[PDB]
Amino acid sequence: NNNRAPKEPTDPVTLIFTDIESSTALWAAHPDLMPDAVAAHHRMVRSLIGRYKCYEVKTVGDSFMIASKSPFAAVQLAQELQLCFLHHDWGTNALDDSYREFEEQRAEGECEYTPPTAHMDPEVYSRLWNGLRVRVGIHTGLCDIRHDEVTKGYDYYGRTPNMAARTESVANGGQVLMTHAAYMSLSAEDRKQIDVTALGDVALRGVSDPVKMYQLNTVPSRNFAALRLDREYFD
């Protein structure tokens, strides 16, 4: 369905990048659970890509690159991605136990770091966290648009996908960040339907000027540690 691919160069494209946080460590600890968990992740993300009439550009591992002709549809997809992953029955508590242990250890080396979820009573934790924790970044801007390579699909190049991917790279698992560009691409009425928290400006590697980031609040009362300025970014 190339019909949903943004194709007009003069119309800004909204790009969404996603990743499972700590995917290396999770595959090392749970090699018999990750194939099925990641396959479920892809089925849920792809169901949403179709629901919101977005376009899958490409997937590498568990990393998705998704384009949308509509900034609000992209924001709705990211919000529903966090909510259906929370609602999904993963059939194991092992992935939640691993994330919690990682936070407790991380609190040894970061003295400014306090585990956001590891010490939550199970009744509090389950209403807020469950299963794979996916980080998401969203940016909107003009793109250099191309068709195929050989795939018969569309791709996007330049500063716009670079910023979207660098924005996602500093997000925590379970957190959705939007640049100010994406936030102000939404109409005023669209903004009344979402809940954001300003995070200020973040210097991103490769990007000249610091970027003002907004946290999209999806799962209510979910909180996070500081942004992960120490990264990994798409390709």
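In this text, residue numbers run from 1 along the sequence as written.
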May I ask you to compare 83 to 91 and 150 to 158 by their mean CA B factor in the entry and name the higher one?
-> 150 to 158
Quick one: higher average CA temperature factor, 213 to 221 or 14 to 22?
-> 213 to 221
Candidate set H180, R191, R46, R205 [ranked by C-alpha B-factor, highest] = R205
According to the deposited entry, which of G131, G141, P116, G109 has the largest Cα B-factor?
-> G109
Select lowest, middle or highest to describe the third in which the CA B-factor of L33 falls within its chain in this entry.
-> highest
State the tercile, meaning the lowest, middle or highest third, of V60 with respect to the CA B-factors recorded for its chain.
-> highest
Select lowest, middle or highest to describe the third in which the CA B-factor of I145 falls within its chain in this entry.
-> highest
Relative to the other modelled residues of the same chain, rank the CA B-factor of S187 and answer lowest, middle or highest third.
-> highest
Using the B-factors in the PDB entry, rank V170's C-alpha atom against the chain and give the third, lowest, middle or highest.
-> middle
